[PDB]
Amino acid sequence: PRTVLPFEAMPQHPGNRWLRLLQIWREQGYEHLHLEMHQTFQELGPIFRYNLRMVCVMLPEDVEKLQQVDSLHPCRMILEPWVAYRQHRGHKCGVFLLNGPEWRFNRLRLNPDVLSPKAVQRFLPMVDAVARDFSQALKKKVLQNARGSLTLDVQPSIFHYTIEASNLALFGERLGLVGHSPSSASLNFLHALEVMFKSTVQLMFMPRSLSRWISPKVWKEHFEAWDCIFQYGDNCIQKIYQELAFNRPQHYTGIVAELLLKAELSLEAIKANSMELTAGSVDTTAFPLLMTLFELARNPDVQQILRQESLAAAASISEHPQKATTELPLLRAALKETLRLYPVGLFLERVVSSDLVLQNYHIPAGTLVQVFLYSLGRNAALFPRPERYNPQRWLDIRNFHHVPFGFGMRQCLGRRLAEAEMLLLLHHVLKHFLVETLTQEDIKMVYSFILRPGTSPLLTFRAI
């Protein structure tokens, strides 16, 4: 009356666990993971076993079932390389690394000031200032050239834009990074994140009983990077903590400001989540920005459509920047499209707390279930012509097809801060510049814990 199949009758990935661990040892990474999975899905179907009890799915069909099984305490897998550092230095873990009742406790005291629509209305104007400074700075340099255009690799400037906006919205501090040269503090922070991501892949696929002695140099490499990260994050904390102890302001001065004033969370559990918000707000946000710019340069037909929208609502957004979330549907659709093809978050994890059925297969509890978004977003059955950058496919309205930020109570905490940074930067670049490129070959994607472009194209910014 439904049909359920044995778990042991699942299509099995041909690989051998141990050899892939030795391949990662040798290659110092797993850059082509998204491709090896996409291929396997094409050979075995929309579900298969992979003892790297792990099950890999790809259909919105399955995400919905996975949220139905989400308990009151959804459970992702512990990320030991990250947790190890937290306890080596006697730190508390944030929402990204917690599970069970402690996670629910932190999460419910963070949602109001980090994710709610009322909080977005307060920090969104602050993001807008940074986005306007980004284009104002870019326009000054552009109109200095004879052809009123600047051609460059924008990945540095964009990454320093996301550090600016994130620090302003989190701590209410303004660091001279947009319109000015990078500081050694930021360049060291970005390099630590790069190494923290690299070394994570080298250690996350083998238990600590092996990586301890086969790759101890990497563990050192890994903890050093975190130290540099906790250094940058904690200097942001120590500044705002001392600044608030002497005056409790009456206006909005950032997110972490409210979290400290409320004091619903212990000091160590604010520092913990304040680390995860400072650290996970740079790469994950900046790379979809770059790909959005890239895809618009490849499709000027789509670009001008977005520029028209953004030029019309330009006035009502300068009056109240909050309107950007509702006056720029096409640009919000473009962002949905970028993440469909270039999902910085490759997969969603759930250790199911209860039996379930996927693709008419029995899934026991305690099983790890990974949703592989790279193939989910490329399944022609659900996305007609998935090879095409078509923002208008999201405007019609199809509910679990857009899950780059996860689902359930666990869904991304910074979801709306990221959307505002991406949206507001693209809105002010579209109404002042044209983004053009000769580079029209697809950009190869790399897996270093996140899915990111292995190359950054040359982009021209021509002014209007």
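In case it trips you up, residue 1 is the first one in the sequence shown, and so on.
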| property | result |
| --- | --- |
| Residue 52 to residue 53: deposited residues without atomic coordinates | 1 to 3 |
| Of 287-295 and 211-219, the one with larger mean CA B-factor | 211-219 |
| Between the two ranges 187-195 and 134-142, the one averaging a larger CA B factor in the entry | 134-142 |
| Deposited CA B-factor, highest of 391, 300, 249, 81 | 249 |
| Maximum C-alpha temperature factor, selected from 266, 162, 238, 273 | 238 |
| For residue 62, the third of its chain into which the C-alpha B factor falls | middle |
| Within-chain third of residue 410 by Cα B-factor, per the entry | lowest |
| Residue 319 - which third its CA temperature factor falls in, relative to the rest of the chain | highest |
| Chain-wide C-alpha B factor ranking for residue 377, given as lowest, middle or highest third | lowest |
| Ranked C-alpha temperature factor of residue 445 among modelled chain residues, by third | middle |
